Amino acid sequence: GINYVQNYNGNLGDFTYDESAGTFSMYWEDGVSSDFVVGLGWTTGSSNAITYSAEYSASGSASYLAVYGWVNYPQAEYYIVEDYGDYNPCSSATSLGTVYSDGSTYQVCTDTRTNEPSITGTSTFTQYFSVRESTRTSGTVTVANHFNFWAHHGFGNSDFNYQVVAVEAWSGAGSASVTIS
């Protein structure tokens, strides 16, 4: 029951959505050289499972097909990356382990962003990432398995701000078309 539309620089590409149908698409087939994050979701996140289906094409693009959201305190930005382009965030970040969920292992890592854009303006926050090793573009994400693993490493696992299925990119070109079931 979609009630939040995520649009962070959606203007850099062609973002279309229908909250009633639970569908959206994003074309950035001419390329982008700045960050966008677009998607559909809920004003308050939870640990309920999310089922989605997508056509996602982002080879040669620093991009993610991800469940994305925030925790108010301790302030954290989080990603459960189902598929991605050229860039793996865990290659550079502090490794936390591996979690197994919904048919694959996920590399888990963390990072700290200082004086960067956040749900409160500009601030310092922690990032948690689960990056799928056998990437896919459809399935169920049992969000609770990721939240419970990250909670061992300081993730607040309560006091949630928004949560969306999102497409992000900051370079390259591609397209995406997603349905949330």
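What follows deals with the packing of aromatic side chains. What the rule picks out here adds up to 21 aromatic pairs. Measuring from centroid to centroid gives 5.3 Å for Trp28 and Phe36, while their planes differ by 70 degrees, and the two rings are edge-to-face. Pair check on accessibility: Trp28 and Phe36 agree, each one buried. With centroids separated by 5.7 Å and ring planes inclined at 50 degrees, the aromatic side chains of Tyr78 and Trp150 adopt a geometry described as tilted. Of the two residues, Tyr78 sits in strand 7 (residues 76-84) while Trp150 sits in helix 1 (residues 143-150), which places them 72 residues apart along the sequence. Residue classification places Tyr78 among the buried positions, given a relative accessible area of 0%. Grouping aromatic residues by their ring pairs yields a cluster made of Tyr4, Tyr64, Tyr68, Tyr79, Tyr87, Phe129, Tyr162 and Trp170.

This next bit is on the UniProt feature "active site" in the protein. Under the UniProt annotation, "active site" lies at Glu77 and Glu168. With the annotated positions falling across 92 residues, the maximum pairwise C-alpha distance of 13.5 Å places them together in a single cluster. In this structure, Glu77 sits in strand 7. Look past the residues within four positions of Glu77 in its chain and what remains in contact with it is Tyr68, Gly69, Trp70, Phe125, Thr126, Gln127 and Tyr128. Take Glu168: it is sitting in strand 12 (residues 160-171).

Before going further, it helps to spend a moment on the UniProt feature "disulfide bond" in the protein. For the UniProt disulfide linking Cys90 with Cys109, the SG atoms sit 2.0 Å apart, under 2.5 Å and consistent with a formed bond. One end of the pair, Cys90, is in the loop between strand 7 and strand 8 (94-101); the other, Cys109, is in strand 9 (residues 104-118), and 19 residues separate them in sequence. The exposure class of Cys90 is buried, given its relative accessible area of 11%. On the basis of relative accessible area, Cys109 is assigned to the buried category, the value being 1%.

Moving on, we get to the pattern of salt bridges. Once their charged atoms are close, side chains differing in charge can pair, the charge on each being opposite to the other. Applying the stated rule across the entire model yields three salt bridges. With a shortest N-O distance of 2.8 Å, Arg136 and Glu82 are connected by a salt bridge. Here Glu82 lies in strand 7 and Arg136 lies in the loop between strand 10 (121-132) and strand 11 (138-141), a separation of 54 residues in the sequence. Considered together, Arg136 and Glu82 belong to a single accessibility category, that of buried residues. Because the salt bridges share partners, they merge into one network encompassing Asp111, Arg113 and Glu116.

This next bit is on the sheet that holds strand 7. Judged by pairing direction, the sheet is mixed, and its eight strands sit side by side in the order 1-4-12-6-7-10-9-8 without closing on themselves. Both outer strands of the open sheet, strand 1 (4-8) and strand 8, are each paired with one neighbouring strand and no more. Strand-to-strand twist across the sheet, computed as the mean angle between neighbouring axes with direction ignored, equals 25 degrees. Note: strand 4 (residues 36-42) against strand 12, seven bridges, orientation antiparallel. Of the residues in strand 12, the one forming a bridge with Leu40 is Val165. Sheet contacts for helix 1: strand 7, strand 8, strand 9, strand 10 and strand 12; angle to strand 8, the most-contacted strand, approximately 145 degrees.

How each quantity is defined
- Residues numbered from 1 in each chain as written, not as in the entry; some residues may be left out.
- Heavy atoms only, no water.
- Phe/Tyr/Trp six-rings, centres within 6.5 Å; stacked < 30°, edge-to-face > 60°.
- Buried < 20%, exposed > 50% of the residue type's maximum accessible area, 1.4 Å probe, protein only.
- Helix = DSSP H or I, 4+ residues; strand = E, 2+ residues; numbered from the N terminus.
- UniProt positions renumbered as here; feature names shortened; annotations may be inferred.
- Contact = heavy atoms within 4.5 Å.
- Disulfide = S-S within 2.5 Å.
- Salt bridge = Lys/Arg side-chain N within 4 Å of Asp/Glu carboxyl O.
- Pairing = 2+ DSSP bridges.
- Axes fitted to C-alpha atoms, helices over the stretch in contact; angles between N-to-C directions.

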